[PDB]
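Student: Quick one: this structure, given as structure tokens, is what I'll be asking you about.
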Amino acid sequence: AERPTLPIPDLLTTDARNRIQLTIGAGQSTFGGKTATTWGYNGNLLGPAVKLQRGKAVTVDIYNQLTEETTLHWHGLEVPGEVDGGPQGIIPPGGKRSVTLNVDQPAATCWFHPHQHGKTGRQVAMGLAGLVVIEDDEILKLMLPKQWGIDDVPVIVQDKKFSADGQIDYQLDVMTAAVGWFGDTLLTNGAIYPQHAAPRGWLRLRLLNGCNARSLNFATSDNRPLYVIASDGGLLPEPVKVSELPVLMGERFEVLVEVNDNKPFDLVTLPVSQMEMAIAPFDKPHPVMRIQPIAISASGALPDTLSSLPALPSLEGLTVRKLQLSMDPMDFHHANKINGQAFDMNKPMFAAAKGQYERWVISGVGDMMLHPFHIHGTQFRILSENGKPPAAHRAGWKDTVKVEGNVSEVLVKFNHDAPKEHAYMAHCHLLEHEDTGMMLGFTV
Ligand SMILES: [Cu+2]
Ligand SMILES: [Cu+2]
């Protein structure tokens, strides 16, 4: 048995009447010979890549065929509260939901997943995640690698814990609420250590850390560089060459990597400093996927310049908001907090100004856990990350910011409304923390 081929999510576009159908359902997937019940969008596991065009409205019809309630959140999309599919956007079992997305942001890889209050971790663990590929008039002029599933590939990396029966083993209990749900089976687009057939020249990887709790650190088996071309919210001004790429839960980077000879190399994840994430088999470099070159040459290029990043404005005069994350020293369902309160679906913590720059200061000072802090409804600028100026590859458009025993500062603006009944969320994207209170709503 050769390694399995990397599964490629289907590139899903609008039909005749500008509609997209998404069915949330249960099926079966096989993992190392053993069948398991899994959940998928438009299939058994994970989901398709929804492809939107900047400025072209589309309607998404969502059918919930699960045995519990769900929501469908578009992680990274600047859309109104009413289509954002946070915990208020309940779709009951057997239920249907329609949403109009009017995409009004630069080209980027976003994603979608459940946001059910207290169940998100379980619902992502069982298999639900999809991709969103935004294109605009600018990115297509660049001549990047762009053959979907050939030289432009999504890489959804996820660990799972299985019971001896072969079934996914999720439980949100008093330890998971603290440290997060993780396992020793690493999945790459839902496959174990797949291989991807790549043409000579530039391979474009759209990396997503789709793990509940585990952070990742991408490198190559032979330490060839990754050229970072994009972050969560789209293109950097120019490529940032790195030898390793840390990626928090819920973050996307797009990287070019060279396929310059006929020899296979792996994309790996390196050991991380995170409570209990460096236990074997993550105590050494762990293979993510085998890149197998084909003698085909690909025309994609690494442009010396990608885009223009607008100047930071003056920070004098801007509203400051302080967000203190805290974990109850020892009811575990409400142990994690922001500003001393566990998520109340009913009571938004504050109202942001529409179209007005704000500085949000997020503080994990008082514990040493990793909190990838995610704000809905915006692509922001990181001003300070964990008490340093941001790394070059992290200094563009971001929807997540590291908070780990220190203080981060991001420049935020909300171009779209979110009323009380469909508030935006701001939360830790360690899903078990989210599910145990580490989240607020806010209005616009
Ligand atoms: Cu989000
Ligand atoms: Cu957290």
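The way I read the labels, and the way they are meant: chains A, B, ... in the order of the structure tokens, residue 1 as the first residue of every chain, and ligand 1 as the first ligand shown, with later ones counted on from there.
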Could you name the residues that touch residue 256 in chain A at 6 Å or less, counting only C-alpha atoms, but leaving out those on the same chain fewer than 3 positions away, as a list in words?

Tutor: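 Using only C-alpha atoms, the neighbours found are residues 202, 203, 204, 226 and 227 of chain A.
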
Student: Quick one: residues within 7 Å of ligand 1, with only C-alpha atoms and all ligand atoms, as a list in words?

Tutor: residues 73, 74, 75, 76, 374, 375 and 376 of chain A

Student: Check every protein, DNA and RNA residue against ligand 2, keep those with an atom at most 7 Å away (counting only C-alpha atoms and all ligand atoms), and present them as a ChimeraX atom specification.

Tutor: /A:369-372,428-430,433,438

Student: Nearest residue to residue 196 in chain A out of A:294, A:106, A:115, A:180, using only C-alpha atoms?

Tutor: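 Using only C-alpha atoms, residue 196 in chain A sits closest to A:294.
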
Student: Considering only C-alpha atoms, can you say which of A:310, A:239, A:118, A:377 comes closest to residue 171 in chain A?

Tutor: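 Looking at the shortest contact to residue 171 in chain A, the residue is A:118.
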
Student: Write out as number ranges by chain each polymer residue whose atoms come within 8 Å of residue 397 in chain A, counting only C-alpha atoms; drop sequence neighbours fewer than 4 positions from it.

Tutor: A: 231-236, 379-381

Student: Which residues are near residue 412 in chain A? Cut-off 12 Å, only C-alpha atoms, ignore same chain within fewer than 6 positions. Put them as an NGL selection string.

Tutor: :A and (78 or 312-313 or 315 or 318-321 or 352-361 or 374-383 or 397-401 or 426)

Student: For those residues, write N, CA and C atoms to a file as a compact mmCIF listing (two decimals), in the first residue's frame.

Tutor:
```txt
# COMPACT_ATOMS: atom_id res chain seq x y z
N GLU A 78 -16.11 39.21 6.35
CA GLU A 78 -16.72 40.48 6.85
C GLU A 78 -18.17 40.54 6.35
N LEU A 312 -0.95 52.04 8.59
CA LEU A 312 -1.64 52.18 9.90
C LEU A 312 -2.05 53.64 10.03
N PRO A 313 -3.27 53.97 10.53
CA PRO A 313 -3.63 55.36 10.80
C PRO A 313 -2.96 55.84 12.09
N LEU A 315 -2.95 56.34 15.95
CA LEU A 315 -3.60 55.55 17.03
C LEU A 315 -4.09 56.48 18.14
N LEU A 318 -8.26 57.04 19.29
CA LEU A 318 -9.07 55.80 19.08
C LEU A 318 -9.57 55.26 20.42
N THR A 319 -10.80 54.75 20.42
CA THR A 319 -11.39 53.95 21.52
C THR A 319 -10.49 52.74 21.79
N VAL A 320 -10.17 52.52 23.06
CA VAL A 320 -9.41 51.33 23.54
C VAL A 320 -10.42 50.41 24.24
N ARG A 321 -10.40 49.11 23.95
CA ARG A 321 -11.17 48.08 24.69
C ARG A 321 -10.19 47.05 25.25
N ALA A 352 -19.52 48.18 19.45
CA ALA A 352 -18.46 48.82 18.64
C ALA A 352 -19.10 49.89 17.75
N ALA A 353 -18.30 50.87 17.33
CA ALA A 353 -18.69 51.87 16.32
C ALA A 353 -18.48 51.27 14.93
N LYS A 354 -19.45 51.47 14.04
CA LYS A 354 -19.39 51.05 12.62
C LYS A 354 -18.44 51.97 11.86
N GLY A 355 -17.51 51.39 11.09
CA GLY A 355 -16.61 52.13 10.20
C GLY A 355 -15.60 52.98 10.96
N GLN A 356 -15.44 52.78 12.27
CA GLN A 356 -14.56 53.60 13.15
C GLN A 356 -13.45 52.70 13.71
N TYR A 357 -12.18 53.06 13.48
CA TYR A 357 -11.00 52.29 13.95
C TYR A 357 -11.07 52.16 15.46
N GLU A 358 -10.79 50.96 15.96
CA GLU A 358 -10.64 50.68 17.41
C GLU A 358 -9.36 49.89 17.69
N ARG A 359 -8.79 50.11 18.87
CA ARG A 359 -7.68 49.33 19.44
C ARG A 359 -8.23 48.41 20.54
N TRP A 360 -8.14 47.10 20.33
CA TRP A 360 -8.53 46.04 21.29
C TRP A 360 -7.25 45.41 21.82
N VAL A 361 -7.16 45.38 23.14
CA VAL A 361 -5.99 44.92 23.94
C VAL A 361 -6.46 43.61 24.57
N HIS A 374 -9.84 35.19 18.36
CA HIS A 374 -10.50 35.36 17.04
C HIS A 374 -11.63 36.38 17.20
N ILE A 375 -11.68 37.41 16.36
CA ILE A 375 -12.77 38.42 16.38
C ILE A 375 -13.53 38.25 15.06
N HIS A 376 -14.84 38.05 15.13
CA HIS A 376 -15.76 37.95 13.95
C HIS A 376 -15.91 39.32 13.27
N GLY A 377 -16.32 39.34 12.00
CA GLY A 377 -16.84 40.55 11.34
C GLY A 377 -15.75 41.46 10.82
N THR A 378 -14.49 41.07 10.94
CA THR A 378 -13.35 41.95 10.58
C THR A 378 -12.13 41.12 10.15
N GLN A 379 -11.33 41.72 9.28
CA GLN A 379 -9.89 41.42 9.12
C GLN A 379 -9.15 42.62 9.75
N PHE A 380 -8.31 42.35 10.75
CA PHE A 380 -7.62 43.39 11.54
C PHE A 380 -6.12 43.41 11.23
N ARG A 381 -5.48 44.42 11.83
CA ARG A 381 -4.01 44.60 11.85
C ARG A 381 -3.55 44.34 13.29
N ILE A 382 -2.53 43.48 13.46
CA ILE A 382 -1.86 43.22 14.76
C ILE A 382 -0.87 44.37 14.98
N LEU A 383 -1.01 45.11 16.09
CA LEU A 383 -0.15 46.26 16.48
C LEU A 383 1.00 45.75 17.35
N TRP A 397 -3.23 41.19 7.03
CA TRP A 397 -4.65 41.02 7.45
C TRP A 397 -4.82 39.71 8.23
N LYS A 398 -5.29 39.83 9.46
CA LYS A 398 -5.42 38.71 10.43
C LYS A 398 -6.83 38.74 11.04
N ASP A 399 -7.36 37.56 11.39
CA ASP A 399 -8.63 37.47 12.18
C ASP A 399 -8.36 36.76 13.50
N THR A 400 -7.11 36.37 13.75
CA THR A 400 -6.65 35.68 14.98
C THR A 400 -5.33 36.31 15.42
N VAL A 401 -5.05 36.29 16.71
CA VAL A 401 -3.84 36.92 17.32
C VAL A 401 -3.48 36.04 18.50
N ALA A 426 -16.33 37.24 19.82
CA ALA A 426 -14.87 37.39 19.99
C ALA A 426 -14.52 36.34 21.04
```

Student: Applying 9 Å and only C-alpha atoms, which residues near residue 111 in chain A remain after dropping the ones on its own chain fewer than 2 positions away? List them as a ChimeraX atom specification.

Tutor: /A:49-50,73-77,109,113,129-133,208,250,252

Student: Could you check the closest approach to residue 166 in chain A for each of A:42, A:30, A:53, A:59 and tell me which residue wins, using only C-alpha atoms?

Tutor: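 Closest to residue 166 in chain A, using only C-alpha atoms: A:30.
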
Student: Figure out the distance between CA of residue 9 in chain A and CA of residue 145 in chain A, please, to one decimal in Å.

Tutor: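 Calculated distance between CA of residue 145 in chain A and CA of residue 9 in chain A is 17.2 Å.
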
Student: What's the 12 Å shell around residue 32 in chain A, counting only C-alpha atoms, without same-chain residues fewer than 6 positions away, as an mmCIF file with N, CA and C atoms, in the first residue's frame?

Tutor:
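Once written, result-v3.cif looks like this:
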```cif
data_model
loop_
_atom_site.group_PDB
_atom_site.id
_atom_site.type_symbol
_atom_site.label_atom_id
_atom_site.label_comp_id
_atom_site.auth_asym_id
_atom_site.auth_seq_id
_atom_site.Cartn_x
_atom_site.Cartn_y
_atom_site.Cartn_z
ATOM 1 N N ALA A 1 0.855 -1.217 0.000
ATOM 2 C CA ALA A 1 0.000 0.000 0.000
ATOM 3 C C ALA A 1 0.882 1.255 0.000
ATOM 4 N N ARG A 3 1.057 5.386 -0.036
ATOM 5 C CA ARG A 3 0.289 6.362 0.779
ATOM 6 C C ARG A 3 -0.959 6.769 0.010
ATOM 7 N N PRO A 4 -2.082 7.022 0.709
ATOM 8 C CA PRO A 4 -3.287 7.494 0.046
ATOM 9 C C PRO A 4 -2.978 8.811 -0.673
ATOM 10 N N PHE A 162 -9.357 8.440 18.505
ATOM 11 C CA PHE A 162 -10.257 7.292 18.220
ATOM 12 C C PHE A 162 -10.308 6.361 19.444
ATOM 13 N N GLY A 166 -12.708 2.025 16.776
ATOM 14 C CA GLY A 166 -12.483 2.762 15.508
ATOM 15 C C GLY A 166 -13.317 4.041 15.411
ATOM 16 N N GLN A 167 -14.099 4.357 16.446
ATOM 17 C CA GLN A 167 -15.017 5.529 16.435
ATOM 18 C C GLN A 167 -14.255 6.743 16.959
ATOM 19 N N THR A 185 -3.697 10.879 16.176
ATOM 20 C CA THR A 185 -3.919 10.619 14.732
ATOM 21 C C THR A 185 -4.002 11.974 14.024
ATOM 22 N N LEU A 186 -3.005 12.302 13.209
ATOM 23 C CA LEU A 186 -3.000 13.564 12.428
ATOM 24 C C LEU A 186 -3.619 13.292 11.062
ATOM 25 N N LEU A 187 -4.624 14.077 10.700
ATOM 26 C CA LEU A 187 -5.351 13.967 9.409
ATOM 27 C C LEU A 187 -5.035 15.158 8.517
ATOM 28 N N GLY A 190 -8.530 14.987 5.996
ATOM 29 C CA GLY A 190 -9.232 13.770 6.463
ATOM 30 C C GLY A 190 -8.515 12.457 6.133
ATOM 31 N N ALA A 191 -7.301 12.491 5.567
ATOM 32 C CA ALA A 191 -6.490 11.281 5.260
ATOM 33 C C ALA A 191 -5.292 11.196 6.196
ATOM 34 N N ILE A 192 -4.814 9.977 6.475
ATOM 35 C CA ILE A 192 -3.556 9.754 7.247
ATOM 36 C C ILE A 192 -2.359 9.767 6.294
ATOM 37 N N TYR A 193 -1.489 10.751 6.465
ATOM 38 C CA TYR A 193 -0.198 10.887 5.745
ATOM 39 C C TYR A 193 -0.405 10.631 4.258
ATOM 40 N N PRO A 194 -1.200 11.469 3.573
ATOM 41 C CA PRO A 194 -1.436 11.293 2.149
ATOM 42 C C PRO A 194 -0.217 11.794 1.373
#
```

Student: Provide the CA of residue 57 in chain A to CA of residue 419 in chain A distance in Å, to one decimal place.

Tutor: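 Here the two named atoms are 21.2 Å from each other.
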